[PDB]
Structures are given as C-alpha cells and as structure tokens.
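Before any questions on binding or motion, here is one chain by itself as structure tokens, the form deposited in one PDB entry.
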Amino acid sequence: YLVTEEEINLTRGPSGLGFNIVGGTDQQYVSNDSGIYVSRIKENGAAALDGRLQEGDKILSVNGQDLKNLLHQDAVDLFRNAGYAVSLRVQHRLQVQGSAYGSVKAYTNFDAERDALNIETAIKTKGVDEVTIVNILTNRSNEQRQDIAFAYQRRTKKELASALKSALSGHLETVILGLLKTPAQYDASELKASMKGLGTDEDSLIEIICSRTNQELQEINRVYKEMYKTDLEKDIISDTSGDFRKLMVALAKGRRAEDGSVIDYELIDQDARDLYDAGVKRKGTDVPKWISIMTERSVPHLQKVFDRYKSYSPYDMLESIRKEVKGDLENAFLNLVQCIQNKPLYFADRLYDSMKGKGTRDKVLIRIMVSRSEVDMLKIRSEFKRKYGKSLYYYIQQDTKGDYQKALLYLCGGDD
C-alpha cells in the first residue's frame, strides 16, 4: 500500500470529466472509509486522455475544496457545480505484495469485517458451504487472513481456526488451517510435526531447513520457542544423529552470510578447491569442511562456487554428493544444493514426486502449495511446465478431488 498524492488538470469532456465516483460518510466503500474514490474511468473520455487518474484513486480535493468526510451527495455536488477547467488532488494508492512471483495476491478491494461475516455464514449453515470459505481464504493474502481471523474473534468470541476445525475435514481441512497460520507458525508446526515420531520425518525436515532463508529461519526459531517452549535447535539434536545432525543444526541457525556487495572471486576458487579436495579427490570424505562451506557462505557465492567446482572436478556437485555419502546425509546435501542452484525447480520436482505415482504424498503437496503460494509459486509453475510439459494445475487436477482440489488449484493460481 504505497500512497502518493498528485494533482490532475482536466478540461471537461463532452458530457463530463469521464469517470464515476463512489463513497461518502453515508456510503462507505469499505468499512470506516468516507473517502471518495474513482470507480470507472470512461471509455474514451477526457479522464482517460490525461491518463494520470486510475480506477481506484482517492479524491481529496476538487478545485481546492476538500473531500474529507462528506456525504455522497455533497461530493457529487462539488463536481457538478464546477467549471469546465477542473483540477483535483488525487492520492494514487498502489499496493504491492511481498514477492512479484507469488500466486496468491492481496485482494485490492479488501474489507476485513465483511469477509469475516460471510465465513460465519458458511460455517453457520446446514452442511456448511465449504466452497465460499475456499473462495475467500485462497484469494486473500496471509496478512489479510490474519485480519479476517481478528474480526472473526470479535464477532463470535470464538476464533476463526477452531470454527473451521469443527466445520471442515479431510485434506481440505489441512490446507485451510495451514493458510490460517503465519509463515513462521506453519513452518514451526510442520517442523514440530516432523520430529514428533522418534524415527522422524527426515524428508520434511530436510525440505524446510534446506529451503528457508536467514529471515525465515530466525522467525521460525523465535516462534518455535513460543509455541512449544523448547529451542528448535534442541529438538533437532534430540531426533537426529551423526553429520546429519551437524548439517541440520547448522542450517537451522539461520545465520548464513548475507549476500554482500562485492563478489569474492578468490574465495570462490578457494571454496571450489576445498570441496573437490575434501571429497572426490580424497579417499573418504571430510564431511565437516563440506558442512562449513555449504552452510556458511551466501547463496550467490555458493552458486558461483559450484560452477567453479566443475573446472576442477570431473563430476558436478550433485554427482559428487551421490558418490561420497549415503543416507540422510546424502539426501540433505542433494536437497541443499538444489535449493542453492534453483529453488523453484527444487519445489517443482518435489511436487511432481508427490503426485507422479500411486496415490498422493499429500503432506508434501499441501505444504508446498501453502508455503510457496506467496513466495515463488509462479516461478515454480514455469519450471514445472518447462520440464514436465504439462502444468502444475494439471497434475493437481489429476491427483486430487473435491473442494480440496479446487483449493490447491486456487493456490496454484491458474493453468499454464
């Protein structure tokens, strides 16, 4: 929501300025907004010709007279009792979402209390209307979802999530609840879910901990502390072992070098030499020196390191991992290198794996659709279609059914 004010000089068109206005104290467009907003700009009218004005601006002044807290009619009158030469102060109100490459965008005509009310309708309905719940939650941003929950708490004294927990079930429930959770909560939850088995969901732990950034991980680490009264680092230690533990615990610190300004070419060469020397060039492997280079260095640096590695090593980094280590450690390294090299491709391959064969690994599918829909889902779809020849939408369509399917399809954003 970036706000910039501006003046615009219009010469009245044939029959008027060429736009429609809405709002007023007695006609609030969104709750608690008496502002006067342009709704339509006429097709081939004077307003379109000057351009500047945009379907959505807030009118604050007409010929110097302010539009704050007016009834609809008084604002209309100011326009109709004006000259043919009209100058107005507008506030352009562009809003930008976190990533440009997420699929779920913040809804432009957002009203927290209104949304909350229709959801209550869909809950307070015989059979419950699972469709309208999906239609608003998957089209609202995560932060918009927060505000929905807050207004829901207010209107019911019950919170949004535990009303959907009673009114939803199956795979559909998982998705909706996951979207209700902030990115830190959801990740913290999937993480607590991973370790609460003693045998532990290594593949999921590897997925989150290899793919989250410093910013995300530090947020997880704090919220993890708040939800389960343990340090996440402590749980990792208690449910892993060997160099896998060292690799995981080092990543989960979220203390990787942030992308500096200058490119350290000397260090790129040194790191490449050391990865070669520590591994394929030597009998056995120096795992700790792998762990240090791959956890400590920034992502752009490591991408470049992996290319320089090919200058020295007859195999590339992934191929070198497969021939030096096995088990969870091999797994963690292959996943970490994929995330460093192409994270959207990483996720597109995990999604394909979760659907390619019999049944569906629903936990991996849901998790990715929820946690990447506002990050890089569009890059994920582009890599998916390029590699697999059919869209992500299509695979979701072939593997999932019902309202659950339509929910995943919305988080996908569309076909390709």
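Numbers for residues come from their place in the sequence shown, where the first is 1. Only residues modelled in both forms are compared. Basically, rigid core = biggest C-alpha set you can superpose within 1.5 Å across the two forms.
Below, we refer to the form deposited in another entry, which is not included among the displayed structures.
Among the residues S99, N214, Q146, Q91, the single one whose Cα moves by at least 2 Å between this form and the one not shown, once the core is superposed, is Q91. Relative to this form, the distance between the C-alpha atoms of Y37 and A116 is increased by at least 3 angstroms in that other deposited form. Relative to this conformation, an increase of 3 Å or more in the Cα-Cα distance between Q54 and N109 is found in that other deposited form. 1-97 is the only run of at least 3 consecutive shared residues whose C-alphas each shift by 2 Å or more between this form and the one not shown once the core is superposed.
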